[PDB]
Each structure stands twice: as structure tokens, then as C-alpha cells.
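> just to be clear, this is only the beginning of the complex, oriented as in the whole thing:
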Amino acid sequence: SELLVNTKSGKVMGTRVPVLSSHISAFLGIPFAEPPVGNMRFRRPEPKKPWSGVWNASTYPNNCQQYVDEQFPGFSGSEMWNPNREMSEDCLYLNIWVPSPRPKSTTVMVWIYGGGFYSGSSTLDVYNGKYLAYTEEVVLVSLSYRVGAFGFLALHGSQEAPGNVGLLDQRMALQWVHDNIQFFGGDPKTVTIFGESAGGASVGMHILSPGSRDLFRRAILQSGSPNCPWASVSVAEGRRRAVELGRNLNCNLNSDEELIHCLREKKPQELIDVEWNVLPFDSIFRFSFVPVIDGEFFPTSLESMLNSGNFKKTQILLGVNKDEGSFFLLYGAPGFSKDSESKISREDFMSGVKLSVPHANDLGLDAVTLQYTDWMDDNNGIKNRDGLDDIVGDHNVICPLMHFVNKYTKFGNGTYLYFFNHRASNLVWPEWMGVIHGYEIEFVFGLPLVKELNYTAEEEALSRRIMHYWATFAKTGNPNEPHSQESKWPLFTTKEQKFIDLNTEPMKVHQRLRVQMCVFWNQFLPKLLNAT
């Protein structure tokens, strides 16, 4: 039967699903690790023991335990991001969409969700792989991984809560796809990993990590890179936060053994309820439990790995959205609200700058404020709001990514860079937020092809182009069709540094993406904060 597949872990039975007046197969909720519960909470994941009988893979699995956004109850803009299934620590599952009839050996794409390493679900409506699987004839896989303290509590040295176990969950699933995707018609020698925000930084981390590089062929990173300032912490800071977590739950703190045992006795929600209290600063765009630079998963510092070429050499395709900072300002900077235009006063601007660059001394804050202030019109509320947006996006996403691409391109085998700047016509968030991070995802997964979702015709066309760029890059390592007549997305090179805009207008090619601001964030400010 077409819905029955025999894998090395056992038999699995999918389900037929409709998609754009046709059908394909879906194998939802396939287990790839033993449930990380009880004594295994915080531990490295173990492989799933093979099973007898047929695994029913017809419904979505539980989503991992996470903080849930209740900031706007009933607003779809925020709720489309929340877990849409029961939460549970038994959550390590993957989903596969397979063209019908079953391919024999086609290109595979594995999606890694974002969510700041503290949240995220593989089952969100915007992550539904049937449109891309069907339109580009690829086998689409979405995986899951532990988030929050469950995925990233780190007490370096202890083997019970070593840290990075959330990254090892992603890795185990990549191992399972390597070992079994052939039975679903996928070609294991052609898998592309891709993801957004923390999913994009994760992708960059498997490119760096020696233990992960052999499990995939190519990579796509959307608004995230491994060197982002919010994506990793030192073993010492990881340790400090784990102890503070324990102190918030009245744990015995005399040894790692004692702390870990107390944390393992707590219900999931007791951990989620105090998670945010461990941040070292009053900050924006900073998350509590994130990957740790441990000497194992990452052999040395990220920057020294980048400089020395210590990473997988292959082709990459990556980019960012125009307004990366707005979500974070809305939720945590003063003067911003969902239902107003959020014109910012000079006081609120300064407050925002301090929140955006937590680790900066006063000279540093003055350097940032001067770089983004138009002194001929310093009380322009819209300019202050947009300047803050840019400060957050450049410091947290764009410049870190630009630094990664320039370092990578030096040893890589081909880089394609984009700047996504089309705001969706049906976005429910206010206009002032612009092209919000994550809102390029619906176009990558092809939602504009379904009429009832209400996109425009040009939006459906943009979706088809991005899907085909992503799937052609995955199959061949180049997003362009060989002899097509369409205009070409040029390769990004150390010298010319070209990139393309991605929107409903005719492709325009540019050079040196936000160079002015990125020389400030990647060269000057680090130098200013180190000397001073």
C-alpha cells in the first residue's frame, strides 16, 4: 500500500491528504527518539527503540512544553504561532509529506522551526508541507526539538544536564532521515536543512558542528545565523542561569546532582512560569535557555571556527526580512502598542536603545544613539520608531547574518543572498511593524496558493517563485533554472557581494546589504566596548 512504509525502526502508516485539488501522502508524528521524560529530562536524547506492529502516523504529535503567548487572547496574529496540540515532554516526533505516486529518489527538505529556542511547534498551519511537497515534488520533513529549560538547561561538566540537548534532538532526527528517508522515496544524499530565526541559527549550528555536518547536503537560513547575539551563551552564563532557575523554585543548590534532581521533580509549568526571571539584564530579544559554547557540539568559539574555515563547505541560500525588529519592540519596549502607530518620543527612544543593547556601557549607548539619529529632525516620532526598529533588526539579525555570510563565502561552494521586503496584503498586525520577521514563511510554504486564504494574485505568483527557488536550490545547489529565460539570482561573492530583493516587483540586484550599519555593528562597536 502507498500509505504503508517499512523503516528500520518499524512499519509506519500514513494518510492521504487533499491539496490544491489533488492528493499526497502524509506520515505525521513518527517517533525518532525515546520520550525524554522523568530521569531523562535535560538528558541527551536516545534513539527510539524499534517497534512491532504498525505505527499509526495519521495525526499530528504533541508539541513540546513551552511558554505560550497570551499577550493578545484571540488575535490570530499571535495565536497562529502558539502550540495547536496538547503540550507534553513526550514530543520528539517528525512529519513527512510525500508526493503521490511515491517518488523513488527525490530531493528532501527538512524544516527546523524558530521560536527563540524557548517556543515553537512543527504542526503550525503555516508550516504545513503539503503545498511545497506537492508543487515542487520534494519530500518535505518537519522535525521537533526540546525548547526552553527542557531543551537547553546547561550545567557544563555534569552528564545529566550538559546543555545543547535540544540541538542533539534536531540532530537525531536528521540521523533518522539519513537512515530512513529512502523508504519514503527520498534521496538521503540530497537533503537540505532550512529554518527561520532560531531555526535559521540552528541550521548554521549544524553547519559548524563536526557531529552534524555529514547528515545533510545543503542549507537555507531565514533571518537567523549561528553567531547571532541571542543564540548562544558561555558555559559560565548557562551555569549561572540554571542555578538561578533552581533558586526561583526553592531548590537545594549545593551540588549539580541536587539541583538537577529538584528540577526533575517539578512539573513542566513550574519551570515555564519562572523561565524569564533568569535573564541577566532588562532586555529585548534575549532568551533564557539557548545553545552553550561547550567545547563539544561547538569545538571552539564560533568566531574562531568561522575564521579558520572549521565548518561544512557546501552551498547556502540565506536572507532576511526588511523589518526584523518590530515584533520585539511591540512586546517589550515602552511606547509601542498593537493598535496605535507607535510614534516614539526621544525619551522612549533612549529607553529602547538601552533595552536593545543590554551589554553596552554609556559610551556604547551614545555611539548607537548617534548612528541612528537624524539630528536635523530628532523629535520625529516616526523616525524614532523606525530607527529603533532598525537598531533591533540590524544588531540582532541582519548584521550577524551579514558577518556570517562574508566569513562563510570565503571557504564555501556558493552563496545566494536575499532581502525579502514584501508585506502580505492580509497581515493582521498593524502597518507600523512593516515586513515582520516570520511573515516570509507563509510564502515559502505556499499558503498564497489557497484562495480562501485571501492573498492577491501577485502574492500567489511570488510564492510560486520562492518555492521554486528554494526547491531548485535544494535539488541542485543553485536556485536558478539552467536555461530559463527568467532573470538570474546572481551568486554572492567576496568581491561583488550581490543580493536580490524578493517581492512582487521585477527582480532588482544590489550590493553590500546594510554595509554602513553593519560596519558599525560588526567592526566599530565591538572595538569600542572592548577598549572602554
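Thanks, I have the structure now. Numbers count the residues shown, from 1 in each chain, chains lettered A, B, ... in the order given.
> spell out the secondary structure type for residue A:264.
Put simply, residue A:264 is helix when judged by DSSP: H, G, I helix; E, B strand; the rest coil.
> any idea how far residue A:320 is from the residue lying closest to residue A:512 once chain neighbours are set aside?
The spatial neighbour of residue A:512 that comes closest, neighbours along the chain excluded (C-beta to C-beta, 6 or more residues apart in numbering), is residue A:497 at 5.1 Å. For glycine as for every other residue, the C-beta is placed from the backbone atoms N, C-alpha and C. According to C-beta to C-beta, to the nearest Å, residue A:497 and residue A:320 sit 14 Å apart.
> please identify which of those two sits among more neighbours.
Neighbour tally, residue A:497 and residue A:320, criterion other C-beta atoms under 10 Å: the higher count belongs to residue A:320, 30 against 18.
> same for the strand or helix carrying the more buried one, what does it pack against?
Per DSSP states H and E, residue A:320 falls inside strand A:316-321. If you count contacts as 3 or more C-beta pairs under 8 Å, 6 or more residues apart in numbering; DSSP states H and E, strand A:316-321 packs onto strand A:218-222, helix A:399-409, strand A:415-420, helix A:457-476.
> buried set for the second one?
Within helix A:399-409, the residues that count as buried by 16 or more other C-beta atoms under 10 Å are A:399, A:400, A:401, A:402, A:403, A:404, A:405, A:406, A:407, A:408, A:409.
> so it versus strand A:218-222, what angle?
Interaxial angle of helix A:399-409 relative to strand A:218-222 (axes from the mean of the first three to the mean of the last three C-alpha atoms, to 10 degrees): 160 degrees.
> can I get the CA coordinates of helix A:399-409 in PDB?
Taking Å, rounded to 0.1, in the frame of the first residue of the first chain, the C-alpha atoms of helix A:399-409 are listed here in PDB:
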ATOM      1  CA  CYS A 399      24.400  42.300  10.700                       C
ATOM      2  CA  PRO A 400      25.100  39.000  12.400                       C
ATOM      3  CA  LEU A 401      23.900  37.200   9.300                       C
ATOM      4  CA  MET A 402      25.900  39.600   7.000                       C
ATOM      5  CA  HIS A 403      29.000  38.800   9.100                       C
ATOM      6  CA  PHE A 404      28.400  35.000   8.800                       C
ATOM      7  CA  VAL A 405      27.900  35.200   5.000                       C
ATOM      8  CA  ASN A 406      31.100  37.100   4.400                       C
ATOM      9  CA  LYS A 407      33.100  34.700   6.600                       C
ATOM     10  CA  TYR A 408      31.300  31.600   5.000                       C
ATOM     11  CA  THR A 409      31.700  32.700   1.400                       C
END
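> what about the helix or strand where residue A:525 lies, distance to the chain center?
Residue A:525 belongs to helix A:525-531 when elements are defined using DSSP H and E. Offset of helix A:525-531 from its chain centre (C-alpha atoms, centre = their mean, to the nearest Å): 28 Å.
> where exactly do the strands run in the stretch 351-500 of chain A?
A:415-420, A:498-502 (DSSP state E, counting those that start in this stretch).
> TSV please, covering the ones you listed and showing distance to residue A:200 and mean neighbour count.
Listed next are the strands of the stretch 351-500 of chain A as TSV, based on distance: least, C-beta to C-beta, whole Å; neighbours: other C-beta atoms under 10 Å:
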stretch	distance to residue A:200	mean neighbour count
strand A:415-420	13	22
strand A:498-502	15	21
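> nearest spatial neighbour of residue A:510, skipping sequence neighbours?
Using C-beta to C-beta, 6+ apart, the closest residue to residue A:510 is residue A:499 (5.8 Å).
> give the contact list for that neighbour.
A:319, A:417, A:418, A:419, A:492, A:509, A:510, A:511, A:513 (C-beta atoms under 8 Å, 6 or more residues apart in numbering).
> what comes up buried for stretch A:376-394?
Residues of stretch A:376-394 classed as buried by neighbour count (16+ other C-beta under 10 Å): A:381, A:383-394.
> nope, stretch A:227-240 is what I meant
A:227, A:228, A:229, A:230, A:231, A:232, A:233, A:235, A:237, A:238, A:239.
> please slot chain B in as well:
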Amino acid sequence: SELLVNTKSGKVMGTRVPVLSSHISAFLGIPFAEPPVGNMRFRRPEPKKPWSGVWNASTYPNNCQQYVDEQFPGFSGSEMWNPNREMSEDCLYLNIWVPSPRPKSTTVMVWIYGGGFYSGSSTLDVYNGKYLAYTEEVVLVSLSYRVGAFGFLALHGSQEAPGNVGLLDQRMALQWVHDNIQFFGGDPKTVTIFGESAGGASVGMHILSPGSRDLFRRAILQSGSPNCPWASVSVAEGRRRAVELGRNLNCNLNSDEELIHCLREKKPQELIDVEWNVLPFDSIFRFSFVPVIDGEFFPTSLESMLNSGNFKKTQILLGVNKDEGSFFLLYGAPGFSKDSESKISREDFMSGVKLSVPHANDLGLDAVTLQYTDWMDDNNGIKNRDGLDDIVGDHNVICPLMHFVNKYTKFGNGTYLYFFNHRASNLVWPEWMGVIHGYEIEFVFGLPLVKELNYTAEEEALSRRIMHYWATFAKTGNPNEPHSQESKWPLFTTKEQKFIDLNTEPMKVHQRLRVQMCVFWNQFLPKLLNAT
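Adding chain B to what we have so far:
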């Protein structure tokens, strides 16, 4: 007789001179101090002892001893600035142009020449006062003062070479005008002092100095202010340079008495020949012997006098030229030449930055380089040349002056600000130098009214407007005619900060003159260099 005037120092006899098909009186070379020669070299000036008989005031006096620019032998662009009379330490004289018939009590304007405190002459063709005296019916006075070591060698504590004696020479002449200008038809209760570059910083210094403020009514400052970085040094640096001067002449250095005696035995040119060897850094726009912050002429630091309102409160009119830095780059930065367009390479840019901001550590040089570099087009030779021009002009003239006007306006009685950006059609310097500092002077003294000089008609008109703005401001404290129909030069205010452009086009009013760059030079960089 109209050419004979009896002053308190004695009788003086002028000469009738033609001017634009008419005539006026000129009293050239009137002595206002005893010759500062021999033992009086470096000493404060003494009043000129009254004389019997008639002082022949029909020819220009000697110019003070100074370094002479031989960088372009025979080129008029540089030679029109060189001494045009025999040099001599007997040089303290003043010149007066008086309307005919002799006024009874008219507005007086006293010109103080620039020249970096190391050079300058009151007798230059561009400083000829007959055109302004005649056209605006004012009594025009030009004074002289010791420059170089002769005017500014400073060994604070010793009464033989105290420093600032060049400033006291200007002051003595202002005293003589206060006491005698009435006999020439001038009104001593209405004298305006005005000057350019070091002459403009001098004017600002008499506004600050308690011993000078009662000798004049109003002030005009052209491309210079007292707080400029090249206009003063501490008593300790003054001292260091005086000792180094002595060491370059093999002087006995055991006491001030010994050093001073050796320096007094040297011929003038032995001093001028080694003058430049005492600079502490490889620099541009820095001069050896300049005013010293001594606790007498300046009671406390300039910035604390400015902050506390410790200065003469009156009306001021001041401004700058568009391309203040070009002269200094031409003469001392690498890659610039008189007969080429001077496109600058990135190496030469960086060399120039280091020369322009001598006192800066590496982080500081990086801060300047980032602020003036267009990172999307960093090898643009013209952009590098123009950026260097701006760096020199903003740091040395424009921003210091902008800081002075904002501090002054808070306690003053009226400020008028201009931005002169018309390049003269007959300029012999190359195009790349732009509106060169000092080339607004010919328009202030009215040279475009004499046909044989070859200016355009619109240039003659601009000259007439500037002459009338300067002379009306001098007479009334406002450059505008009461009920004229001409557009108005608005007052500069703490809040609106308005200024006007000054050129051959219809007057345009603007606000916050080079604010972006000046917040960098007046607020951020000083803060960066103090912390680091």
C-alpha cells in the same frame, strides 16, 4: 587741512587716495606702541610716547617678522597673502581710511588679520579699506600685532616672555582707537571688531577677555572662534614649545632668564627658521606659537567661561565658508597637489585622518573614519578627497564655531549666522579646493567693484550686499535695513538656530548648520577620547 589730524599722541598727516572715481583720506602707518625691539622682544607692548611735529602717515608700515610662504613662487594665489612690505620687529602700526568730507561721528570697523597667529599683514591688497570706507561711509581701521614666537612665546610665570603679547598688541590698538578715533570723525562708542581665521578667533578672545571687552561695541567673526583647537594651548604646552625652540637654537636652558636672553640675541630669521620644529605631533592645521590659557588674559578655561556667561554680552555676526579644509590639505596631506584633481586613495585618506586629528587614539581615528566614509563606495577618490576636506573644516572651524554660537546665544543680545558658499569666478586655485577659506574676504572689502579685477556683475552685487550687511550690523547691531523690502536675515536663536547661505542666488534660510557632524565633534568624540 582735511589730511591733518591732531591726536593725543600727536599730529598726523594723511594722504588723499582715489577710489571708484572719487577720493577719501588715508592715514597709513600710525604708531600705537613703542617698537618691541631688543630687550622688549617677547614683552608686553608699551604705549607709544607722544611725538612733536607731524607724523607722515602717507605710506604703509613695515609688516611684522613672519614665516613666508614660498610653496608656489610667483603664483598669485599664495603670494597675495605674503608680506608686501619690508619685514621688521618695528611693526606695531595701524591704518585708517576716512570718508571725505571727514564725518563728525560715524560707525568704526576694526579689522584684525588672520594667518594662524604665525603670519599676516594689515597691508595686503585684499585688506584695502578704501572701498568699504567709501561705499558704506564708515571709518575703517586695520591694526597689526606680533605673530610667531615674537607674538606668542610663553614661559608662564616670567614677566619677560609671559605669552599673549600679540593679543595685547591688538588690545593696545583697540585702546588707541577708543582714545583717538573721534578726531578722525569716528564714534568711539560704536566700534565693531571683525577678522578672519585667527583674526576671527582673536575677536572671540577679546569678547571673552575681561581686559578687552570695554574697548568695542560689537563683533564679527569669519571662520574663526576662540575655542578652535588650533587657537590656544595650556601654559605647560606653551612652556614645552619655548624650551624646544631654545633647544633648536643651542640655547642655555637652565633658567627662564637664560633661555629668554639667548632668544633675544638671535636675529629674527633664526627664530622663524626653526619655528615649525616644536609641534608636538605630525599634524595639519596646528601652529607653534598661539595664545595661552594663562589665568590673566583668560581668567579660567574657555569652556568654563562660555558656560557661565563670563564674557561681553552684545550682538555678534559670524559664519564660515563651505570648504574650510582644502588649503591645509593641499599644503600638508599626502596625495594632494595644486595642479591635479587630487583624487584620494583609501591609504591617503587614512593618512589624512591621522594628520587631521593628531591627538586621537586608534578608536578615535576609527570613529572619525567611519563617520565620513561611504561604505557602499569606499574607493571613490573624489569622495575620499571631499570627506577629508570636510573632516578638516568641521573639526577645525565649523563645529568649534557652531559650539561657540550656541553657548554665546544663550547670554548674548543677538546673533546672525551665515554660510558663505560662492566660489569666486576668477579664483586661480584649482576647482577641487571649492570655496576656500579667506576667499570671502575680497567680497567683504569690496574688490568685485573694481572692473579691472574681473569679477562678474552678480559678484559685484553680492559684494555690495555683504558690505552693507556688515556695515549696517556694525552701525545698528542688525544687518537688515529697518523697512527695506529685501528679504530678511533672521536672528539665530537657541531654539530655531536659523542661518542664511551667502551667494549670488536668492537668500535661502536654513536651520542647524552641520548638526549631524557637529554633534559628533562637539559631544561624542570628546566623550570617546576621555573614557578611552
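> ok chain B is loaded, check the contacts of residue A:499 again?
Residue A:499 makes contact with A:319, A:417, A:418, A:419, A:492, A:509, A:510, A:511, A:513, according to C-beta atoms under 8 Å, 6 or more residues apart in numbering or on different chains.
> ok, now residue A:116?
Listed by C-beta under 8 Å, 6+ apart, the contact set of residue A:116 reads A:197, A:198, A:230, A:287, A:290.
> same question, residue A:91
A:61, A:62, A:63, A:64, A:65, A:144, A:146.
> also residue A:157?
Counted by C-beta under 8 Å, 6+ apart, residue A:157 has contacts residue A:256.
> with secondary structure, neighbour count and distance to chain B added, can I get the contacts of residue A:91 in JSON lines?
As requested, the contacts of residue A:91 are exported to JSON lines (DSSP: H, G, I helix; E, B strand; the rest coil; neighbours: other C-beta atoms under 10 Å in any protein chain shown; distance: C-beta to the nearest C-beta, whole Å):
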{"residue": "A:61", "secondary structure": "coil", "neighbour count": "23", "distance to chain B": "48"}
{"residue": "A:62", "secondary structure": "coil", "neighbour count": "20", "distance to chain B": "49"}
{"residue": "A:63", "secondary structure": "strand", "neighbour count": "25", "distance to chain B": "44"}
{"residue": "A:64", "secondary structure": "coil", "neighbour count": "29", "distance to chain B": "43"}
{"residue": "A:65", "secondary structure": "coil", "neighbour count": "25", "distance to chain B": "45"}
{"residue": "A:144", "secondary structure": "coil", "neighbour count": "27", "distance to chain B": "41"}
{"residue": "A:146", "secondary structure": "coil", "neighbour count": "28", "distance to chain B": "41"}
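> find the nearest non-adjacent residue to residue A:42, please.
residue A:161 (3.7 Å; C-beta to C-beta, 6 or more residues apart in numbering or on different chains).
> is the one you found in contact with residue A:154, as I believe?
Yes: using C-beta atoms under 8 Å, residue A:161 is in contact with residue A:154, at 6.8 Å.
> which one of those two is surrounded by more residues?
residue A:154 (29 against 23; other C-beta atoms under 10 Å in any protein chain shown).
> make sure that one is actually in contact with residue A:294.
Yes: at 7.4 Å, residue A:154 counts as touching residue A:294 under the criterion of C-beta under 8 Å.
> who touches both of the two?
A:162, A:163, A:164, A:235.
> now do the same contact list for residue A:206.
A:167, A:170, A:171, A:174, A:193, A:212, A:213, A:215, A:216, A:219, A:312.
> tell me who's in contact with residue A:449.
A:20, A:131, A:135, A:460, A:463, A:464.
> so the closest residue to residue A:238 other than its chain neighbours, which state does it fall into?
Excluding the flanking residues, the one nearest residue A:238 by C-beta to C-beta, 6+ apart is residue A:154, at 3.3 Å. Following three-state DSSP, the label given to residue A:154 is coil.
> residues contacting residue A:154?
Contacts of residue A:154 by C-beta under 8 Å, 6+ apart are A:161-164, A:233, A:235, A:238-239, A:241-242, A:289, A:292, A:294.
> from those residues, which land in strands?
Among those, the members found in strands (DSSP state E) are A:233, A:292.
> show me where the stretch 201-350 of chain A has its helices.
A:235-248, A:256-265, A:268-274, A:302-308, A:326-332, A:346-356 (DSSP state H, counting those that start in this stretch).
> could you single out the most deeply buried of the ones you listed?
Comparing the helices of the stretch 201-350 of chain A by mean neighbour count (mean count of other C-beta atoms under 10 Å in any protein chain shown), helix A:326-332 ranks first with a mean of 22.
> mind giving me the packing neighbours of that one?
helix A:381-393 (3 or more C-beta pairs under 8 Å, 6 or more residues apart in numbering or on different chains; DSSP states H and E).
> just checking, what packs against the helix it packs on?
helix A:326-332, helix A:346-356.
> let's have the ones you listed in TSV, adding distance to residue B:36.
Converted to TSV, the helices and strands packed on helix A:381-393 look like this (distance: least, C-beta to C-beta, whole Å):
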stretch	distance to residue B:36
helix A:326-332	68
helix A:346-356	55
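> of all these, which lies closest to residue A:39?
Nearest to residue A:39, of all those, is helix A:326-332, at 35.6 Å by C-beta to C-beta.
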